[PDB]
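Student: The structure under discussion is supplied below as structure tokens; questions concerning it will follow.
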Protein chains: 2
Amino acid sequence: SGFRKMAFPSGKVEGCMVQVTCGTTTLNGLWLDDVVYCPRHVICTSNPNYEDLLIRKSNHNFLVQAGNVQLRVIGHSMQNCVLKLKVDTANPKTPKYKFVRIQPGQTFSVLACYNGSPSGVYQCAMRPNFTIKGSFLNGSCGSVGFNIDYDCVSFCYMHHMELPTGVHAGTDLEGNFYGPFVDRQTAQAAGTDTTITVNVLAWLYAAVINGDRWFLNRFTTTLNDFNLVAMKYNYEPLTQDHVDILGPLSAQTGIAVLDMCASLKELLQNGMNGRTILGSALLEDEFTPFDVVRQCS
Amino acid sequence: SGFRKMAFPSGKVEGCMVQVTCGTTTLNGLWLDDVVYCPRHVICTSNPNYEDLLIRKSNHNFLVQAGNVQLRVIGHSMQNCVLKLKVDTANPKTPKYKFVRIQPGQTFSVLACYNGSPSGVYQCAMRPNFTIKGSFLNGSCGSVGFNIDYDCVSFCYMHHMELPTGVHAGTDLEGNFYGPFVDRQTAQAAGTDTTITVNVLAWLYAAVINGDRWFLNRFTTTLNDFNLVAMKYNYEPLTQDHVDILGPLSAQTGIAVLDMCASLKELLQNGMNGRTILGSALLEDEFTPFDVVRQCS
Ligand SMILES: Cc1cc(CN(CCC2CCCCC2)C(=O)NC2CC2)no1
Ligand SMILES: Cc1cc(CN(CCC2CCCCC2)C(=O)NC2CC2)no1
């Protein structure tokens with residue numbers, strides 16, 4: 001029993017983290033085979049044209065360090081908002097990996113790093129507004145996000161920056177931003193966010209599997225009538241695909257999805273009346289159906 | 001910015017996890033140098049005298065597997081509630097390590113494992129009643145808890161079992177239980193718990209560092225007057241050592257500890273009035289002062 005925000009074991013990613021320095025800027029890179037991937041921000045100096053900044057660089061300007069071992073840069077290129085530094089040494093710790101872009105509402109593990117040294121690991125969801133609610137300080141740029149499936153690391157996030165509300169923005173490993181953001185100082189701000197309805201329902205199923213039942217009721221609702229309440233409370237609409245994805249959790253608990261939707265309607269309209277669900281006094285939306293199945297009985 | 005429940009990177013511990021099987025019981029062991037540490041439960045079969053059960057075993061009865069590599073057991077001994085299996089091979093991935101026992105109110109990272117394969121990583125506090133609120137299923141026995149300081153792994157917890165309230169119990173790596181528990185099925189239950197006051201104050205300092213200030217007030221309280229309110233709300237007493245430990249966070253924020261105690265008194269007496277602190281609608285007590293400093297600006 002028990003239900004925790006649980007990260008993937010980080011070892012396969014730790015073996016890939018390196019330090020990249022250009023002039024007086026140090027940040028993190030990801031060393032896979034003979035390439036180091038890092039944010040192109042590393043080449044900026046006190047609205048940059050990055051194509052011009054990169055043409056002015058030489059391989060020898062990039063100081064790449066894997067622990068105590070300097071990696072010699074033998075080529076450099078720009079891919080969107082990331083740099084590809086070709087090095088003289090293939091990483092012998094390269095795991096099986098893929099570069100995948102994730103959807104809003106999906107979760108991943110963040111390996112927070114500084115100076116190429118991993119600091120901590122935690123779970124993040126990609127918000128509907130394409131930000132993440134992480135924990136990052138100066139020097140964290142180039143920290144990565146990932147999921148692991150059968151020892152294959154699916155890298156989905158490279159950290160770039162903090163927005164003014166204290167939420168975080170970054171790119172896929174192809175260097176394409178999540179969301180309407182750019183890798184420079186502008187007045188850019190997080191768009192309005194919404195609650196990830198399918199994830200709240202997954203977490204209510206986790207709560208039932210773990211013996212929290214107080215919020216259940218004999219009532220069912222329609223999908224249309226549920227979606228009217230969702231809109232009112234700034235919840236995402238629930239689709240039949242969402243209902244289908246919640247199939248296994250519904251089967252395991254014997255609680256129909258639209259019966260659980262009647263519970264969530266009552267929680268939105270009434271609150272909890274001083275009660276808690278899985279240790280929370282709020283409705284939690286950063287667990288996917290897969291996160292619940294991965295972890296729960 | 002941001003404040004997350006953050007685990008230590010788990011790689012140094014992943015390289016130590018192995019599978020131990022005796023008869024039809026499989027669980028996890030910890031391989032350091034030429035010894036595998038595991039719960040003595042592995043030798044039980046359908047009130048066991050473990051000294052008798054162990055005298056009846058041979059080295060060849062223990063099947064130890066490190067990934068795909070069988071480790072030959074060349075000696076066995078019992079230390080309290082753990083077994084020490086001497087193997088023919090020193091673990092080449094053994095980190096610098098210590099076996100430390102932790103105090104109630106301290107935190108650690110759990111590497112949840114199954115069949116010797118790491119599954120997930122998350123933070124736990126040792127509760128005042130010597131339980132942890134983890135996430136463990138059958139097969140998790142022998143999963144370990146640890147802190148990392150400058151690449152030295154301080155192992156503090158080996159998982160044994162779930163209690164009837166769905167909280168978890170285990171031992172230090174010397175095999176001594178945390179709390180008044182035993183490694184067999186009895187009617188044993190978690191004792192009454194309390195809230196870790198010094199950790200709630202640390203987390204309110206984290207909240208101020210991260211820009212949540214709504215709960216601050218111009219008032220100060222005495223330590224005695226604070227401790228009268230603490231007792232009423234089932235909070236641990238606050239000691240002058242606690243006030244001293246909160247020194248650095250007080251200095252960083254310019255908020256005196258007894259001024260923050262006046263804020264916590266108001267939160268206990270009045271609640272939050274529908275507001276949140278660091279994304280929580282409850283007072284969080286599973287961050288130590290060190291966890292806040294480790295992570296925050
Ligand atoms: C807080 C906080 C910091 C960070 C990451 N940053 C900021 C980098 C951005 C600055 C604005 C323009 C785009 C890149 C760094 O690690 N910066 C160090 C390497 C130089 N994230 O949250
Ligand atoms: C839920 C849950 C399970 C567990 C861990 N257990 C239970 C072991 C205890 C059983 C009672 C007596 C003392 C040992 C196991 O992993 N058991 C598998 C290896 C056989 N923790 O939470």
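Within each chain, counting starts at residue 1; across the structure tokens, chains are named A, B, ... in the order shown, with ligands numbered 1 upward in that order.
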Can you pull out every residue within 7 Å of stretch 154-170 of chain B, counting only C-alpha atoms, but drop anything in the same chain fewer than 6 positions away, and send it as number ranges by chain?
Tutor: A: 1-2; B: 39, 97-102, 131-134, 141-148, 177-178, 183, 189-190
Student: For N, CA, C and O atoms, I'd like the residues from the last selection saved as a compact mmCIF listing (two decimals), in the first residue's frame.
Tutor:
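Output below, filename part.txt:
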```
# COMPACT_ATOMS: atom_id res chain seq x y z
N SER A 1 0.88 -1.22 0.00
CA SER A 1 0.00 0.00 0.00
C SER A 1 0.89 1.23 0.00
O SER A 1 2.13 1.15 0.19
N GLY A 2 0.22 2.36 -0.16
CA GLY A 2 0.84 3.68 -0.12
C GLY A 2 0.87 4.25 -1.52
O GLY A 2 0.83 3.49 -2.49
N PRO B 39 16.81 -8.89 4.53
CA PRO B 39 15.98 -9.25 5.68
C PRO B 39 16.03 -10.75 5.95
O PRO B 39 16.00 -11.56 5.06
N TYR B 97 30.52 4.26 1.65
CA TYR B 97 29.25 4.14 2.40
C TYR B 97 29.47 4.08 3.91
O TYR B 97 30.58 3.82 4.39
N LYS B 98 28.39 4.37 4.61
CA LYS B 98 28.30 4.21 6.08
C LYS B 98 26.93 3.63 6.38
O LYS B 98 25.99 3.79 5.59
N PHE B 99 26.82 2.95 7.51
CA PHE B 99 25.53 2.52 8.09
C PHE B 99 25.26 3.45 9.26
O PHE B 99 26.01 3.48 10.26
N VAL B 100 24.23 4.26 9.12
CA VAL B 100 23.87 5.24 10.16
C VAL B 100 22.43 4.93 10.55
O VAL B 100 21.61 4.61 9.69
N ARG B 101 22.10 5.15 11.79
CA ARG B 101 20.70 5.09 12.19
C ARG B 101 20.20 6.51 12.28
O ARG B 101 20.88 7.37 12.84
N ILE B 102 19.01 6.71 11.74
CA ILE B 102 18.45 8.07 11.79
C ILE B 102 17.47 8.30 12.92
O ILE B 102 17.01 7.35 13.59
N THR B 131 7.49 4.86 12.18
CA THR B 131 7.02 4.32 10.90
C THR B 131 7.41 5.28 9.77
O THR B 131 7.80 6.42 10.06
N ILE B 132 7.26 4.80 8.53
CA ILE B 132 7.38 5.70 7.37
C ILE B 132 6.13 5.52 6.54
O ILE B 132 5.54 4.46 6.49
N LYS B 133 5.78 6.59 5.82
CA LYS B 133 4.62 6.59 4.92
C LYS B 133 5.21 6.39 3.53
O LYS B 133 5.49 7.38 2.80
N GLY B 134 5.43 5.16 3.13
CA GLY B 134 6.06 4.79 1.87
C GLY B 134 5.04 4.28 0.87
O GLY B 134 3.82 4.50 1.00
N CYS B 141 10.36 -6.12 0.10
CA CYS B 141 11.16 -6.39 1.32
C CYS B 141 12.66 -6.32 0.96
O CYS B 141 13.05 -6.89 -0.09
N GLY B 142 13.47 -5.62 1.74
CA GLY B 142 14.91 -5.46 1.47
C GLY B 142 15.23 -4.22 0.67
O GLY B 142 16.40 -3.91 0.57
N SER B 143 14.23 -3.48 0.18
CA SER B 143 14.46 -2.14 -0.40
C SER B 143 15.13 -1.25 0.64
O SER B 143 14.83 -1.39 1.85
N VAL B 144 16.01 -0.35 0.25
CA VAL B 144 16.78 0.45 1.21
C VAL B 144 16.47 1.93 1.14
O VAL B 144 16.07 2.49 0.07
N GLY B 145 16.72 2.62 2.20
CA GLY B 145 16.68 4.06 2.39
C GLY B 145 18.05 4.60 2.68
O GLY B 145 18.86 3.95 3.39
N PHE B 146 18.32 5.83 2.21
CA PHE B 146 19.68 6.38 2.28
C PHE B 146 19.67 7.90 2.08
O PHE B 146 18.66 8.46 1.56
N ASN B 147 20.75 8.50 2.51
CA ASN B 147 21.10 9.90 2.18
C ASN B 147 22.46 9.85 1.52
O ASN B 147 23.23 8.91 1.67
N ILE B 148 22.74 10.87 0.69
CA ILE B 148 24.07 10.95 0.06
C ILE B 148 24.69 12.28 0.48
O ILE B 148 24.03 13.33 0.38
N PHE B 177 15.26 -2.90 14.45
CA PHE B 177 14.02 -2.20 14.08
C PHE B 177 14.05 -0.79 14.59
O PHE B 177 14.55 -0.41 15.65
N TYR B 178 13.51 0.06 13.67
CA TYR B 178 12.98 1.36 14.12
C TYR B 178 11.63 1.13 14.78
O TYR B 178 10.74 0.63 14.14
N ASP B 183 9.61 -8.67 13.11
CA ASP B 183 9.52 -9.13 11.69
C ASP B 183 8.70 -10.41 11.61
O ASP B 183 9.20 -11.41 11.05
N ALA B 189 0.70 -2.62 15.89
CA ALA B 189 0.13 -1.43 15.23
C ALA B 189 1.01 -0.23 15.55
O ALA B 189 1.69 -0.20 16.59
N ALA B 190 1.02 0.70 14.59
CA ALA B 190 1.65 2.03 14.74
C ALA B 190 1.11 2.66 16.04
O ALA B 190 -0.12 2.66 16.23
```
Student: Please return, as a PyMOL selection string, all residues of chain B lying within 6 Å of chain A when only C-alpha atoms are considered.
Tutor: chain B and resi 1-3+6-11+120-122+134-136+166+281
Student: Got a sec: who's within 10 Å of residue A:175, counting only C-alpha atoms, leaving out chain neighbours fewer than 5 positions off, as a PyMOL selection string?
Tutor: chain A and resi 37-40+78-84+157-158+170
Student: Report as a PyMOL selection string all protein, DNA and RNA residues lying within 9 Å of residue A:32, evaluated on only C-alpha atoms, omitting residues in the same chain fewer than 5 positions from it.
Tutor: chain A and resi 16+37+90-95+97
Student: Just give me the gap between atom CA of residue A:207 and atom CA of residue A:278 in Å, one decimal is fine.
Tutor: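 Pair atom CA of residue A:207 / atom CA of residue A:278 returns 5.9 Å.
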Student: Could you list, as a PyMOL selection string, every residue within 7 Å of stretch 236-250 of chain A, counting only C-alpha atoms and ignoring same-chain residues fewer than 5 positions away?
Tutor: chain A and resi 194-198+202+205+227+230-231+255-257+289
Student: Would you mind exporting N, CA, C and O atoms of the selected residues as an mmCIF file, in the first residue's frame?
Tutor:
```cif
data_model
loop_
_atom_site.group_PDB
_atom_site.id
_atom_site.type_symbol
_atom_site.label_atom_id
_atom_site.label_comp_id
_atom_site.auth_asym_id
_atom_site.auth_seq_id
_atom_site.Cartn_x
_atom_site.Cartn_y
_atom_site.Cartn_z
ATOM 1 N N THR A 194 -4.977 24.961 -16.684
ATOM 2 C CA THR A 194 -6.213 24.221 -16.343
ATOM 3 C C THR A 194 -5.817 22.956 -15.582
ATOM 4 O O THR A 194 -4.628 22.621 -15.563
ATOM 5 N N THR A 195 -6.782 22.333 -14.920
ATOM 6 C CA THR A 195 -6.541 21.100 -14.153
ATOM 7 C C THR A 195 -6.699 19.898 -15.087
ATOM 8 O O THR A 195 -7.675 19.817 -15.862
ATOM 9 N N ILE A 196 -5.849 18.890 -14.906
ATOM 10 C CA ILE A 196 -5.825 17.718 -15.801
ATOM 11 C C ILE A 196 -6.845 16.698 -15.274
ATOM 12 O O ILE A 196 -6.514 15.847 -14.412
ATOM 13 N N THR A 197 -8.069 16.773 -15.735
ATOM 14 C CA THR A 197 -9.218 16.010 -15.213
ATOM 15 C C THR A 197 -8.905 14.519 -15.182
ATOM 16 O O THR A 197 -9.189 13.852 -14.141
ATOM 17 N N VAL A 198 -8.378 13.930 -16.222
ATOM 18 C CA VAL A 198 -8.201 12.452 -16.333
ATOM 19 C C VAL A 198 -7.238 12.036 -15.214
ATOM 20 O O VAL A 198 -7.381 10.925 -14.661
ATOM 21 N N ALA A 202 -7.695 9.460 -12.059
ATOM 22 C CA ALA A 202 -6.722 8.366 -11.841
ATOM 23 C C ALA A 202 -6.334 8.356 -10.373
ATOM 24 O O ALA A 202 -6.279 7.266 -9.776
ATOM 25 N N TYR A 205 -8.932 6.928 -8.113
ATOM 26 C CA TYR A 205 -8.842 5.458 -8.208
ATOM 27 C C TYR A 205 -7.673 4.983 -7.356
ATOM 28 O O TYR A 205 -7.824 3.977 -6.607
ATOM 29 N N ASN A 227 -18.981 17.322 -17.929
ATOM 30 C CA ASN A 227 -18.144 18.309 -18.670
ATOM 31 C C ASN A 227 -18.659 19.735 -18.446
ATOM 32 O O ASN A 227 -17.811 20.638 -18.444
ATOM 33 N N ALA A 230 -16.972 20.492 -15.115
ATOM 34 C CA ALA A 230 -15.527 20.637 -15.417
ATOM 35 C C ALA A 230 -15.233 22.051 -15.939
ATOM 36 O O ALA A 230 -14.328 22.710 -15.404
ATOM 37 N N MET A 231 -15.970 22.504 -16.955
ATOM 38 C CA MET A 231 -15.766 23.836 -17.568
ATOM 39 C C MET A 231 -15.855 24.917 -16.483
ATOM 40 O O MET A 231 -14.986 25.811 -16.444
ATOM 41 N N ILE A 255 -15.550 0.350 -9.822
ATOM 42 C CA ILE A 255 -16.228 1.678 -9.817
ATOM 43 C C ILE A 255 -16.203 2.204 -11.242
ATOM 44 O O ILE A 255 -15.082 2.494 -11.750
ATOM 45 N N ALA A 256 -17.373 2.317 -11.863
ATOM 46 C CA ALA A 256 -17.515 2.832 -13.245
ATOM 47 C C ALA A 256 -16.896 4.232 -13.326
ATOM 48 O O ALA A 256 -17.057 5.021 -12.384
ATOM 49 N N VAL A 257 -16.295 4.582 -14.463
ATOM 50 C CA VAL A 257 -15.702 5.930 -14.626
ATOM 51 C C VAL A 257 -16.762 6.999 -14.350
ATOM 52 O O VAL A 257 -16.458 7.956 -13.646
ATOM 53 N N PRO A 289 -2.997 7.901 -15.329
ATOM 54 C CA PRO A 289 -3.494 6.538 -15.160
ATOM 55 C C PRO A 289 -2.325 5.549 -15.126
ATOM 56 O O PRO A 289 -2.348 4.655 -14.303
#
```
Student: Can you list every residue in stretch 74-254 of chain B that DSSP puts in strand (DSSP E), as a ChimeraX atom specification?
Tutor: /B:74-79,82-87,96-99,107-114,117-125,144-149,152-162,168-171
Student: Quick one: pull the distance between atom CA of residue A:30 and atom CA of residue A:185, Å, one decimal.
Tutor: 24.1 Å
